[PDB]
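A.B. asks: Input file: model.txt. Contents: compact mmCIF, N, CA and C atoms and all ligand atoms.
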```txt
# COMPACT_ATOMS: atom_id res chain seq x y z
N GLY A 13 0.86 -1.22 0.00
CA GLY A 13 0.00 0.00 0.00
C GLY A 13 0.87 1.23 0.00
N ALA A 14 0.27 2.38 0.27
CA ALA A 14 1.00 3.65 0.21
C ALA A 14 2.27 3.70 1.09
N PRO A 15 2.23 3.15 2.33
CA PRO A 15 3.47 3.16 3.11
C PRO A 15 4.63 2.39 2.44
N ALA A 16 4.34 1.20 1.90
CA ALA A 16 5.38 0.45 1.18
C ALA A 16 5.90 1.20 -0.04
N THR A 17 5.04 1.93 -0.73
CA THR A 17 5.50 2.73 -1.86
C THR A 17 6.52 3.80 -1.44
N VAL A 18 6.30 4.41 -0.28
CA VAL A 18 7.30 5.33 0.26
C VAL A 18 8.61 4.60 0.60
N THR A 19 8.53 3.43 1.20
CA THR A 19 9.74 2.63 1.44
C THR A 19 10.50 2.46 0.15
N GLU A 20 9.77 2.12 -0.92
CA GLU A 20 10.39 1.76 -2.19
C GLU A 20 10.90 2.96 -3.02
N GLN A 21 10.18 4.09 -2.96
CA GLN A 21 10.42 5.22 -3.88
C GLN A 21 10.76 6.55 -3.22
N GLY A 22 10.60 6.60 -1.90
CA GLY A 22 10.77 7.88 -1.20
C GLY A 22 12.17 8.44 -1.24
N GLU A 23 12.23 9.77 -1.23
CA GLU A 23 13.47 10.55 -1.11
C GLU A 23 13.86 10.63 0.36
N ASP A 24 15.13 10.35 0.69
CA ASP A 24 15.61 10.46 2.08
C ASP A 24 15.96 11.92 2.35
N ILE A 25 15.16 12.55 3.21
CA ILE A 25 15.31 14.01 3.45
C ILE A 25 15.99 14.29 4.80
N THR A 26 16.55 13.25 5.41
CA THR A 26 17.31 13.40 6.67
C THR A 26 18.70 13.92 6.40
N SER A 27 19.19 14.77 7.29
CA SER A 27 20.56 15.24 7.16
C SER A 27 21.55 14.09 7.27
N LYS A 28 21.25 13.09 8.10
CA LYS A 28 22.12 11.92 8.28
C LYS A 28 22.08 10.89 7.18
N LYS A 29 21.09 11.00 6.31
CA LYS A 29 20.84 10.02 5.24
C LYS A 29 20.71 8.65 5.85
N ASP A 30 19.82 8.54 6.84
CA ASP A 30 19.60 7.25 7.54
C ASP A 30 18.22 6.64 7.24
N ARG A 31 17.58 7.13 6.18
CA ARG A 31 16.24 6.69 5.75
C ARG A 31 15.18 6.88 6.85
N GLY A 32 15.46 7.77 7.81
CA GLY A 32 14.54 7.95 8.94
C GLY A 32 13.24 8.68 8.56
N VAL A 33 13.35 9.53 7.54
CA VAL A 33 12.20 10.28 7.03
C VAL A 33 12.31 10.17 5.52
N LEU A 34 11.38 9.43 4.94
CA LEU A 34 11.33 9.25 3.48
C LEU A 34 10.09 9.93 2.93
N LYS A 35 10.22 10.55 1.74
CA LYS A 35 9.17 11.43 1.23
C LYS A 35 8.88 11.18 -0.24
N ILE A 36 7.60 11.04 -0.54
CA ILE A 36 7.16 11.07 -1.96
C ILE A 36 6.39 12.37 -2.19
N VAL A 37 6.79 13.16 -3.19
CA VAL A 37 5.96 14.28 -3.64
C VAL A 37 4.85 13.75 -4.53
N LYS A 38 3.63 13.72 -4.00
CA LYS A 38 2.47 13.19 -4.71
C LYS A 38 1.88 14.23 -5.64
N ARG A 39 1.89 15.48 -5.20
CA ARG A 39 1.46 16.61 -6.02
C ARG A 39 2.48 17.74 -5.83
N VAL A 40 3.14 18.12 -6.91
CA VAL A 40 4.09 19.23 -6.88
C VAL A 40 3.36 20.56 -6.63
N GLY A 41 3.89 21.38 -5.73
CA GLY A 41 3.26 22.66 -5.41
C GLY A 41 3.73 23.76 -6.32
N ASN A 42 3.41 25.00 -5.94
CA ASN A 42 3.72 26.11 -6.81
C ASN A 42 4.55 27.16 -6.10
N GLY A 43 5.23 27.98 -6.88
CA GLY A 43 6.13 28.99 -6.31
C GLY A 43 7.45 28.34 -5.93
N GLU A 44 8.47 29.17 -5.71
CA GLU A 44 9.83 28.70 -5.41
C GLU A 44 10.04 28.56 -3.90
N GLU A 45 9.24 29.29 -3.15
CA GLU A 45 9.43 29.46 -1.73
C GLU A 45 9.04 28.23 -0.92
N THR A 46 9.80 27.98 0.15
CA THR A 46 9.43 26.95 1.12
C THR A 46 9.37 27.67 2.46
N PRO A 47 8.58 27.14 3.40
CA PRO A 47 8.41 27.80 4.70
C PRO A 47 9.72 27.79 5.49
N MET A 48 9.92 28.85 6.27
CA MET A 48 11.16 29.12 7.01
C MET A 48 10.91 28.94 8.50
N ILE A 49 11.99 28.77 9.27
CA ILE A 49 11.88 28.67 10.72
C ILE A 49 11.05 29.81 11.31
N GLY A 50 10.12 29.42 12.16
CA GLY A 50 9.21 30.34 12.81
C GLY A 50 7.96 30.69 12.04
N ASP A 51 7.88 30.30 10.76
CA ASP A 51 6.66 30.60 10.02
C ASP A 51 5.49 29.86 10.62
N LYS A 52 4.32 30.48 10.52
CA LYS A 52 3.09 29.79 10.83
C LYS A 52 2.68 29.03 9.58
N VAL A 53 2.59 27.71 9.70
CA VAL A 53 2.16 26.88 8.57
C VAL A 53 0.79 26.27 8.84
N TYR A 54 0.03 26.07 7.76
CA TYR A 54 -1.34 25.52 7.76
C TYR A 54 -1.33 24.30 6.87
N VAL A 55 -1.74 23.15 7.40
CA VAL A 55 -1.75 21.91 6.62
C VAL A 55 -3.04 21.15 6.84
N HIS A 56 -3.37 20.27 5.90
CA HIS A 56 -4.27 19.15 6.19
C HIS A 56 -3.45 17.88 6.18
N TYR A 57 -3.80 16.94 7.04
CA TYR A 57 -3.07 15.68 7.07
C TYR A 57 -3.94 14.48 7.40
N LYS A 58 -3.44 13.30 7.03
CA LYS A 58 -3.99 12.00 7.46
C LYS A 58 -2.82 11.22 8.01
N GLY A 59 -2.97 10.67 9.21
CA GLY A 59 -1.92 9.84 9.83
C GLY A 59 -2.36 8.40 10.02
N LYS A 60 -1.48 7.47 9.66
CA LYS A 60 -1.72 6.06 9.95
C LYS A 60 -0.44 5.38 10.42
N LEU A 61 -0.60 4.27 11.15
CA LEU A 61 0.55 3.40 11.41
C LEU A 61 1.02 2.79 10.09
N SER A 62 2.27 2.35 10.00
CA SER A 62 2.77 1.82 8.72
C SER A 62 2.00 0.59 8.26
N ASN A 63 1.32 -0.09 9.18
CA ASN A 63 0.48 -1.23 8.79
C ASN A 63 -0.89 -0.80 8.22
N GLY A 64 -1.12 0.50 8.14
CA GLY A 64 -2.34 1.05 7.55
C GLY A 64 -3.42 1.49 8.54
N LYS A 65 -3.24 1.24 9.84
CA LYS A 65 -4.26 1.63 10.85
C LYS A 65 -4.40 3.15 11.11
N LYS A 66 -5.54 3.76 10.74
CA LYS A 66 -5.71 5.22 10.90
C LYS A 66 -5.65 5.62 12.36
N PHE A 67 -4.98 6.73 12.63
CA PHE A 67 -5.02 7.33 13.96
C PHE A 67 -5.56 8.77 14.01
N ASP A 68 -5.50 9.54 12.90
CA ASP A 68 -6.10 10.88 12.91
C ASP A 68 -6.18 11.45 11.51
N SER A 69 -7.08 12.40 11.30
CA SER A 69 -7.20 13.11 10.01
C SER A 69 -7.83 14.45 10.31
N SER A 70 -7.16 15.51 9.89
CA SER A 70 -7.70 16.86 10.08
C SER A 70 -8.87 17.10 9.14
N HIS A 71 -8.96 16.35 8.05
CA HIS A 71 -10.11 16.50 7.15
C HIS A 71 -11.43 16.12 7.82
N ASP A 72 -11.36 15.15 8.72
CA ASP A 72 -12.57 14.69 9.41
C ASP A 72 -13.19 15.78 10.28
N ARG A 73 -12.33 16.70 10.75
CA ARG A 73 -12.71 17.86 11.59
C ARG A 73 -12.96 19.11 10.77
N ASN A 74 -12.74 19.05 9.46
CA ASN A 74 -12.80 20.24 8.63
C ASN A 74 -11.97 21.41 9.25
N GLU A 75 -10.81 21.04 9.80
CA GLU A 75 -9.98 21.89 10.65
C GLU A 75 -8.50 21.79 10.21
N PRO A 76 -7.99 22.77 9.44
CA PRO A 76 -6.53 22.73 9.18
C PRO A 76 -5.74 22.73 10.48
N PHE A 77 -4.61 22.04 10.45
CA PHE A 77 -3.70 21.98 11.60
C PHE A 77 -2.65 23.09 11.41
N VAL A 78 -2.42 23.88 12.47
CA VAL A 78 -1.54 25.06 12.40
C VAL A 78 -0.39 24.90 13.40
N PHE A 79 0.84 25.14 12.96
CA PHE A 79 1.98 25.10 13.89
C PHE A 79 3.09 26.04 13.43
N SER A 80 4.03 26.32 14.33
CA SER A 80 5.21 27.12 14.01
C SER A 80 6.36 26.21 13.63
N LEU A 81 6.85 26.39 12.41
CA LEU A 81 7.85 25.48 11.85
C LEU A 81 9.25 25.58 12.48
N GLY A 82 9.87 24.43 12.70
CA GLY A 82 11.30 24.41 13.00
C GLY A 82 11.61 24.70 14.45
N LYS A 83 10.61 24.58 15.32
CA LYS A 83 10.75 24.95 16.74
C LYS A 83 10.55 23.78 17.68
N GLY A 84 10.42 22.58 17.11
CA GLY A 84 10.20 21.40 17.93
C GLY A 84 8.83 21.37 18.57
N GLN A 85 7.83 21.92 17.88
CA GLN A 85 6.41 21.94 18.31
C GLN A 85 5.66 20.72 17.83
N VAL A 86 6.31 19.95 16.96
CA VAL A 86 5.72 18.75 16.33
C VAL A 86 6.83 17.73 16.23
N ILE A 87 6.53 16.48 15.94
CA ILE A 87 7.58 15.43 15.82
C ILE A 87 8.65 15.83 14.78
N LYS A 88 9.85 15.26 14.97
CA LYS A 88 11.02 15.66 14.16
C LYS A 88 10.71 15.49 12.66
N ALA A 89 10.07 14.38 12.28
CA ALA A 89 9.80 14.16 10.86
C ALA A 89 8.96 15.26 10.22
N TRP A 90 8.06 15.88 11.00
CA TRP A 90 7.27 16.99 10.49
C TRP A 90 8.09 18.28 10.33
N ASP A 91 8.93 18.61 11.32
CA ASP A 91 9.76 19.81 11.14
C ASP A 91 10.68 19.63 9.93
N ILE A 92 11.29 18.45 9.79
CA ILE A 92 12.13 18.18 8.64
C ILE A 92 11.33 18.16 7.32
N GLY A 93 10.22 17.44 7.30
CA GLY A 93 9.43 17.25 6.06
C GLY A 93 8.74 18.51 5.58
N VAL A 94 8.07 19.23 6.48
CA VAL A 94 7.30 20.41 6.04
C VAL A 94 8.23 21.52 5.51
N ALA A 95 9.45 21.62 6.06
CA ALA A 95 10.46 22.59 5.56
C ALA A 95 10.86 22.34 4.13
N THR A 96 10.63 21.13 3.62
CA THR A 96 10.95 20.88 2.21
C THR A 96 9.80 21.13 1.24
N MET A 97 8.61 21.47 1.74
CA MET A 97 7.44 21.56 0.89
C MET A 97 7.16 22.93 0.30
N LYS A 98 6.52 22.92 -0.87
CA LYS A 98 6.04 24.16 -1.52
C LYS A 98 4.56 24.33 -1.23
N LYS A 99 4.07 25.57 -1.33
CA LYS A 99 2.62 25.80 -1.20
C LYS A 99 1.82 24.97 -2.21
N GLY A 100 0.80 24.27 -1.72
CA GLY A 100 -0.01 23.44 -2.64
C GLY A 100 0.53 22.04 -2.84
N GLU A 101 1.73 21.77 -2.32
CA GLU A 101 2.30 20.42 -2.37
C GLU A 101 1.51 19.44 -1.51
N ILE A 102 1.33 18.23 -2.02
CA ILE A 102 0.91 17.09 -1.22
C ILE A 102 2.07 16.10 -1.21
N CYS A 103 2.49 15.68 -0.02
CA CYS A 103 3.50 14.62 0.09
C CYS A 103 3.04 13.47 0.97
N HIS A 104 3.73 12.34 0.81
CA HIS A 104 3.62 11.20 1.73
C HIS A 104 4.92 11.12 2.49
N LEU A 105 4.84 11.01 3.83
CA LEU A 105 6.05 10.86 4.67
C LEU A 105 5.96 9.54 5.40
N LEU A 106 7.05 8.78 5.33
CA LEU A 106 7.19 7.60 6.19
C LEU A 106 8.29 7.90 7.21
N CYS A 107 7.95 7.71 8.49
CA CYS A 107 8.77 8.22 9.61
C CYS A 107 9.16 7.05 10.52
N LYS A 108 10.46 6.70 10.56
CA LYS A 108 10.92 5.69 11.54
C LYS A 108 10.69 6.23 12.96
N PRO A 109 10.56 5.34 13.95
CA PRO A 109 10.23 5.81 15.31
C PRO A 109 11.16 6.90 15.89
N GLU A 110 12.45 6.88 15.54
CA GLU A 110 13.38 7.87 16.12
C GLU A 110 13.08 9.30 15.62
N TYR A 111 12.32 9.42 14.52
CA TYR A 111 11.83 10.71 14.00
C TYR A 111 10.35 10.98 14.28
N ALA A 112 9.75 10.11 15.09
CA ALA A 112 8.37 10.21 15.52
C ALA A 112 8.28 10.08 17.04
N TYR A 113 7.60 9.05 17.56
CA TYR A 113 7.37 8.95 19.03
C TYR A 113 8.25 7.94 19.76
N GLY A 114 9.19 7.33 19.04
CA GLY A 114 10.27 6.60 19.69
C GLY A 114 9.81 5.55 20.67
N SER A 115 10.56 5.44 21.75
CA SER A 115 10.24 4.44 22.77
C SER A 115 8.98 4.75 23.57
N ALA A 116 8.66 6.03 23.72
CA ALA A 116 7.54 6.40 24.57
C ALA A 116 6.20 6.19 23.90
N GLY A 117 6.14 6.26 22.57
CA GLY A 117 4.87 6.21 21.85
C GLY A 117 4.08 7.50 22.08
N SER A 118 2.83 7.45 21.66
CA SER A 118 1.82 8.47 21.97
C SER A 118 0.59 7.65 22.34
N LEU A 119 0.64 7.05 23.51
CA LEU A 119 -0.33 6.03 23.87
C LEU A 119 -1.70 6.62 24.19
N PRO A 120 -2.80 5.91 23.87
CA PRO A 120 -2.81 4.57 23.30
C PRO A 120 -2.77 4.48 21.76
N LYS A 121 -2.93 5.60 21.06
CA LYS A 121 -3.16 5.51 19.61
C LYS A 121 -1.86 5.12 18.92
N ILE A 122 -0.72 5.55 19.47
CA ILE A 122 0.56 5.26 18.80
C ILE A 122 1.43 4.43 19.73
N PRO A 123 1.69 3.18 19.37
CA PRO A 123 2.53 2.35 20.24
C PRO A 123 3.99 2.76 20.27
N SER A 124 4.74 2.19 21.21
CA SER A 124 6.20 2.31 21.22
C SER A 124 6.77 1.73 19.91
N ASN A 125 7.87 2.32 19.44
CA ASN A 125 8.62 1.78 18.28
C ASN A 125 7.82 1.76 16.96
N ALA A 126 6.89 2.71 16.81
CA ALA A 126 6.02 2.76 15.64
C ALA A 126 6.61 3.56 14.48
N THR A 127 6.58 2.98 13.28
CA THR A 127 6.80 3.75 12.06
C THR A 127 5.46 4.35 11.62
N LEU A 128 5.48 5.64 11.28
CA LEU A 128 4.24 6.35 10.95
C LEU A 128 4.20 6.77 9.49
N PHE A 129 3.01 6.78 8.92
CA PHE A 129 2.80 7.32 7.59
C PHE A 129 1.90 8.54 7.68
N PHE A 130 2.31 9.62 6.99
CA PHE A 130 1.45 10.80 6.92
C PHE A 130 1.26 11.24 5.48
N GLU A 131 0.02 11.57 5.15
CA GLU A 131 -0.25 12.40 3.98
C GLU A 131 -0.36 13.83 4.50
N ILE A 132 0.34 14.74 3.83
CA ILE A 132 0.34 16.16 4.25
C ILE A 132 0.13 17.04 3.03
N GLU A 133 -0.81 17.98 3.14
CA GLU A 133 -1.00 19.03 2.13
C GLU A 133 -0.60 20.36 2.75
N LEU A 134 0.40 21.05 2.16
CA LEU A 134 0.77 22.37 2.66
C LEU A 134 -0.16 23.43 2.08
N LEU A 135 -1.10 23.88 2.89
CA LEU A 135 -2.11 24.83 2.42
C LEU A 135 -1.52 26.25 2.28
N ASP A 136 -0.75 26.69 3.27
CA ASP A 136 -0.27 28.09 3.34
C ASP A 136 0.79 28.19 4.41
N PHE A 137 1.51 29.30 4.38
CA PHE A 137 2.49 29.63 5.42
C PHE A 137 2.75 31.13 5.40
N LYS A 138 3.01 31.66 6.58
CA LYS A 138 3.13 33.11 6.77
C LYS A 138 4.23 33.40 7.77
N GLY A 139 5.05 34.41 7.48
CA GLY A 139 6.00 34.91 8.46
C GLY A 139 5.27 35.34 9.72
N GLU A 140 5.90 35.09 10.86
CA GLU A 140 5.39 35.50 12.16
C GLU A 140 5.21 37.02 12.17
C1 LIG B 1 -2.01 10.78 18.66
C2 LIG B 1 -1.74 11.22 17.25
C3 LIG B 1 -1.95 12.72 16.98
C4 LIG B 1 -1.13 13.47 18.06
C5 LIG B 1 -3.45 12.97 17.05
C6 LIG B 1 -1.41 13.03 15.59
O1 LIG B 1 -2.11 12.88 14.59
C7 LIG B 1 0.05 13.37 15.40
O2 LIG B 1 0.84 12.42 15.47
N1 LIG B 1 0.44 14.64 15.14
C8 LIG B 1 -0.48 15.82 15.01
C9 LIG B 1 -0.19 16.63 13.72
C10 LIG B 1 1.30 16.97 13.59
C11 LIG B 1 2.11 15.67 13.66
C12 LIG B 1 1.88 14.92 14.98
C13 LIG B 1 2.50 15.71 16.11
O3 LIG B 1 3.64 16.06 16.12
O4 LIG B 1 1.68 15.93 17.24
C14 LIG B 1 2.24 16.63 18.37
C15 LIG B 1 2.55 15.57 19.43
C16 LIG B 1 3.39 16.15 20.55
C17 LIG B 1 4.87 16.29 20.21
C18 LIG B 1 5.45 17.54 19.97
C19 LIG B 1 6.82 17.68 19.67
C20 LIG B 1 7.63 16.53 19.58
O5 LIG B 1 8.98 16.51 19.30
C21 LIG B 1 9.67 17.77 19.30
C22 LIG B 1 7.03 15.29 19.82
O6 LIG B 1 7.87 14.21 19.73
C23 LIG B 1 7.51 12.90 20.23
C24 LIG B 1 5.68 15.14 20.12
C25 LIG B 1 1.11 17.55 18.73
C26 LIG B 1 1.35 18.93 18.60
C27 LIG B 1 0.32 19.82 18.87
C28 LIG B 1 -0.95 19.35 19.25
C29 LIG B 1 -1.18 17.98 19.36
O7 LIG B 1 -2.38 17.43 19.72
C30 LIG B 1 -3.57 18.22 19.88
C31 LIG B 1 -3.60 18.93 21.21
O8 LIG B 1 -2.81 18.56 22.11
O9 LIG B 1 -4.45 19.83 21.34
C32 LIG B 1 -0.16 17.07 19.10
```
With the file now loaded, output its structure as structure tokens.
C.D. replies:
Amino acid sequence: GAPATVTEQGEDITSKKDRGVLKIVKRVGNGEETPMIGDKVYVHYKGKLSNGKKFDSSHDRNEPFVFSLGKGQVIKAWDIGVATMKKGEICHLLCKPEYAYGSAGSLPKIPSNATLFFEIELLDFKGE
């Protein structure tokens, strides 16, 4: 399924090149600009465990998710992944546990040692 496709085709966007965060650009966005540290970013996302089990979707709430980029306000794979995106881009991210919730998990929805899959659409971003 989609998580295995990221394993097979994803771009390694980690500084260490350890395959910890792999990315497929599903829809190329527009403009040259990517969001910068401290920007307010707006996304829609769907999250599942790598085995396909859904844990959350902002579409179900009709509620974009908003955060400040590059400040450790979200899991490492999101700060790394969203910084590579263009406005209007849709990507798939596969995140090894060390770039997600690691040993602690996010219990009960996310177990310890979980690889996570996210679909992310970068709706907008604005300087603080
Ligand atoms: C349980 C799964 C939830 C949390 C619902 C989920 O879908 C999810 O996994 N996320 C929500 C959308 C952004 C990615 C991801 C997320 O980062 O949520 C983070 C989880 C907490 C976290 C922050 C920083 C971290 O490292 C610097 C960190 O590492 C373990 C954990 C989160 C941020 C803000 C709000 C939030 O939940 C809603 C709330 O508390 O109101 C969850």
A.B. asks: Please list, as a ChimeraX atom specification, the residues that have an atom at most 10 Å away from (6.3, 24.3, 14.4) in the coordinates of this file, counting only C-alpha atoms.
C.D. replies: /A:49-53,78-88,90-91,94-95
A.B. asks: For the residues selected in the previous step, produce a file with N, CA and C atoms as a PDB file, in the coordinates of the input.
C.D. replies:
```pdb
ATOM      1  N   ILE A  49      11.990  28.770   9.270  1.00  0.00           N
ATOM      2  CA  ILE A  49      11.880  28.670  10.720  1.00  0.00           C
ATOM      3  C   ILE A  49      11.050  29.810  11.310  1.00  0.00           C
ATOM      4  N   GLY A  50      10.120  29.420  12.160  1.00  0.00           N
ATOM      5  CA  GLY A  50       9.210  30.340  12.810  1.00  0.00           C
ATOM      6  C   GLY A  50       7.960  30.690  12.040  1.00  0.00           C
ATOM      7  N   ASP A  51       7.880  30.300  10.760  1.00  0.00           N
ATOM      8  CA  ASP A  51       6.660  30.600  10.020  1.00  0.00           C
ATOM      9  C   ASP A  51       5.490  29.860  10.620  1.00  0.00           C
ATOM     10  N   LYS A  52       4.320  30.480  10.520  1.00  0.00           N
ATOM     11  CA  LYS A  52       3.090  29.790  10.830  1.00  0.00           C
ATOM     12  C   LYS A  52       2.680  29.030   9.580  1.00  0.00           C
ATOM     13  N   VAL A  53       2.590  27.710   9.700  1.00  0.00           N
ATOM     14  CA  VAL A  53       2.160  26.880   8.570  1.00  0.00           C
ATOM     15  C   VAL A  53       0.790  26.270   8.840  1.00  0.00           C
ATOM     16  N   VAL A  78      -2.420  23.880  12.470  1.00  0.00           N
ATOM     17  CA  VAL A  78      -1.540  25.060  12.400  1.00  0.00           C
ATOM     18  C   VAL A  78      -0.390  24.900  13.400  1.00  0.00           C
ATOM     19  N   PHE A  79       0.840  25.140  12.960  1.00  0.00           N
ATOM     20  CA  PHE A  79       1.980  25.100  13.890  1.00  0.00           C
ATOM     21  C   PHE A  79       3.090  26.040  13.430  1.00  0.00           C
ATOM     22  N   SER A  80       4.030  26.320  14.330  1.00  0.00           N
ATOM     23  CA  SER A  80       5.210  27.120  14.010  1.00  0.00           C
ATOM     24  C   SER A  80       6.360  26.210  13.630  1.00  0.00           C
ATOM     25  N   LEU A  81       6.850  26.390  12.410  1.00  0.00           N
ATOM     26  CA  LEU A  81       7.850  25.480  11.850  1.00  0.00           C
ATOM     27  C   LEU A  81       9.250  25.580  12.480  1.00  0.00           C
ATOM     28  N   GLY A  82       9.870  24.430  12.700  1.00  0.00           N
ATOM     29  CA  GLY A  82      11.300  24.410  13.000  1.00  0.00           C
ATOM     30  C   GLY A  82      11.610  24.700  14.450  1.00  0.00           C
ATOM     31  N   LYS A  83      10.610  24.580  15.320  1.00  0.00           N
ATOM     32  CA  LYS A  83      10.750  24.950  16.740  1.00  0.00           C
ATOM     33  C   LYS A  83      10.550  23.780  17.680  1.00  0.00           C
ATOM     34  N   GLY A  84      10.420  22.580  17.110  1.00  0.00           N
ATOM     35  CA  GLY A  84      10.200  21.400  17.930  1.00  0.00           C
ATOM     36  C   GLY A  84       8.830  21.370  18.570  1.00  0.00           C
ATOM     37  N   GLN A  85       7.830  21.920  17.880  1.00  0.00           N
ATOM     38  CA  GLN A  85       6.410  21.940  18.310  1.00  0.00           C
ATOM     39  C   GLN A  85       5.660  20.720  17.830  1.00  0.00           C
ATOM     40  N   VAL A  86       6.310  19.950  16.960  1.00  0.00           N
ATOM     41  CA  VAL A  86       5.720  18.750  16.330  1.00  0.00           C
ATOM     42  C   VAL A  86       6.830  17.730  16.230  1.00  0.00           C
ATOM     43  N   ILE A  87       6.530  16.480  15.940  1.00  0.00           N
ATOM     44  CA  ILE A  87       7.580  15.430  15.820  1.00  0.00           C
ATOM     45  C   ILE A  87       8.650  15.830  14.780  1.00  0.00           C
ATOM     46  N   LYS A  88       9.850  15.260  14.970  1.00  0.00           N
ATOM     47  CA  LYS A  88      11.020  15.660  14.160  1.00  0.00           C
ATOM     48  C   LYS A  88      10.710  15.490  12.660  1.00  0.00           C
ATOM     49  N   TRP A  90       8.060  15.880  11.000  1.00  0.00           N
ATOM     50  CA  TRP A  90       7.270  16.990  10.490  1.00  0.00           C
ATOM     51  C   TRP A  90       8.090  18.280  10.330  1.00  0.00           C
ATOM     52  N   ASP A  91       8.930  18.610  11.320  1.00  0.00           N
ATOM     53  CA  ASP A  91       9.760  19.810  11.140  1.00  0.00           C
ATOM     54  C   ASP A  91      10.680  19.630   9.930  1.00  0.00           C
ATOM     55  N   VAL A  94       8.070  19.230   6.480  1.00  0.00           N
ATOM     56  CA  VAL A  94       7.300  20.410   6.040  1.00  0.00           C
ATOM     57  C   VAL A  94       8.230  21.520   5.510  1.00  0.00           C
ATOM     58  N   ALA A  95       9.450  21.620   6.060  1.00  0.00           N
ATOM     59  CA  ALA A  95      10.460  22.590   5.560  1.00  0.00           C
ATOM     60  C   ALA A  95      10.860  22.340   4.130  1.00  0.00           C
TER      61      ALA A  95
END
```
A.B. asks: Report the residues of chain A whose backbone DSSP state falls under strand (DSSP E), written as a PyMOL selection string.
C.D. replies: chain A and resi 23-24+33-39+52-61+66-69+77-80+102-107+128-138
A.B. asks: Nearest to residue A:35: which of A:14, A:55, A:106, A:48 is it, counting only C-alpha atoms?
C.D. replies: A:106
A.B. asks: Can you tell me which residues sit at most 10 Å away from ligand LIG 1 (chain B), counting only C-alpha atoms and all ligand atoms, written as a VMD selection string?
C.D. replies: chain A and resid 55 to 61 66 to 70 76 to 79 82 to 91 109 to 123 128 to 130 132
A.B. asks: Quick one: residues within 5 Å of residue A:99, all atoms listed in the file counted, chain neighbours fewer than 5 positions away excluded, as a PyMOL selection string?
C.D. replies: chain A and resi 41-42+134
A.B. asks: Could you name the residues that touch residue A:34 at 6.5 Å or less, counting only N, CA and C atoms, but leaving out those on the same chain fewer than 2 positions away, as a PyMOL selection string?
C.D. replies: chain A and resi 18+22-26+31-32+36+104-108
A.B. asks: Any idea what the distance is between atom CA of residue A:37 and atom CA of residue A:63?
C.D. replies: 20.6 Å
A.B. asks: Please, what distance in Å, to one decimal, runs between atom N of residue A:43 and atom C of residue A:97?
C.D. replies: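 Taking atom N of residue A:43 and atom C of residue A:97, their separation equals 9.0 Å.
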A.B. asks: What residues in stretch 56-128 of chain A get the DSSP label alpha helix (DSSP H)? Please answer as a PyMOL selection string.
C.D. replies: chain A and resi 88-94
A.B. asks: To one decimal in Å, tell me the separation between atom CA of residue A:64 and atom CA of residue A:126.
C.D. replies: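 Rounded to one decimal, the two atoms are 11.8 Å apart.
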A.B. asks: Which residue gives the smallest distance to residue A:101 among A:124, A:40, A:75, A:137, with all atoms listed in the file counted?
C.D. replies: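 With all atoms listed in the file as the atom set, the closest residue is A:40.
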A.B. asks: With distances taken over only C-alpha atoms, which residue among A:131, A:38, A:19, A:136 lies nearest residue A:71?
C.D. replies: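 Nearest candidate to residue A:71 out of A:131, A:38, A:19, A:136: A:131.
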A.B. asks: For stretch 127-135 of chain A, supply N, CA, C and O atoms and format the output as a PDB file, in the coordinates of the input.
C.D. replies:
```
ATOM      1  N   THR A 127       6.580   2.980  13.280  1.00  0.00           N
ATOM      2  CA  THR A 127       6.800   3.750  12.060  1.00  0.00           C
ATOM      3  C   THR A 127       5.460   4.350  11.620  1.00  0.00           C
ATOM      4  O   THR A 127       4.434   3.652  11.624  1.00  0.00           O
ATOM      5  N   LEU A 128       5.480   5.640  11.280  1.00  0.00           N
ATOM      6  CA  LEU A 128       4.240   6.350  10.950  1.00  0.00           C
ATOM      7  C   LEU A 128       4.200   6.770   9.490  1.00  0.00           C
ATOM      8  O   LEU A 128       5.231   7.094   8.900  1.00  0.00           O
ATOM      9  N   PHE A 129       3.010   6.780   8.920  1.00  0.00           N
ATOM     10  CA  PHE A 129       2.800   7.320   7.590  1.00  0.00           C
ATOM     11  C   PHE A 129       1.900   8.540   7.680  1.00  0.00           C
ATOM     12  O   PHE A 129       0.849   8.527   8.341  1.00  0.00           O
ATOM     13  N   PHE A 130       2.310   9.620   6.990  1.00  0.00           N
ATOM     14  CA  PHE A 130       1.450  10.800   6.920  1.00  0.00           C
ATOM     15  C   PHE A 130       1.260  11.240   5.480  1.00  0.00           C
ATOM     16  O   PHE A 130       2.209  11.267   4.706  1.00  0.00           O
ATOM     17  N   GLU A 131       0.020  11.570   5.150  1.00  0.00           N
ATOM     18  CA  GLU A 131      -0.250  12.400   3.980  1.00  0.00           C
ATOM     19  C   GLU A 131      -0.360  13.830   4.500  1.00  0.00           C
ATOM     20  O   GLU A 131      -1.024  14.105   5.492  1.00  0.00           O
ATOM     21  N   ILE A 132       0.340  14.740   3.830  1.00  0.00           N
ATOM     22  CA  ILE A 132       0.340  16.160   4.250  1.00  0.00           C
ATOM     23  C   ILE A 132       0.130  17.040   3.030  1.00  0.00           C
ATOM     24  O   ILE A 132       0.857  16.920   2.039  1.00  0.00           O
ATOM     25  N   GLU A 133      -0.810  17.980   3.140  1.00  0.00           N
ATOM     26  CA  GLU A 133      -1.000  19.030   2.130  1.00  0.00           C
ATOM     27  C   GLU A 133      -0.600  20.360   2.750  1.00  0.00           C
ATOM     28  O   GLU A 133      -1.169  20.746   3.807  1.00  0.00           O
ATOM     29  N   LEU A 134       0.400  21.050   2.160  1.00  0.00           N
ATOM     30  CA  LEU A 134       0.770  22.370   2.660  1.00  0.00           C
ATOM     31  C   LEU A 134      -0.160  23.430   2.080  1.00  0.00           C
ATOM     32  O   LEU A 134      -0.051  23.797   0.906  1.00  0.00           O
ATOM     33  N   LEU A 135      -1.100  23.880   2.890  1.00  0.00           N
ATOM     34  CA  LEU A 135      -2.110  24.830   2.420  1.00  0.00           C
ATOM     35  C   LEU A 135      -1.520  26.250   2.280  1.00  0.00           C
ATOM     36  O   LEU A 135      -1.742  26.917   1.273  1.00  0.00           O
TER      37      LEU A 135
END
```
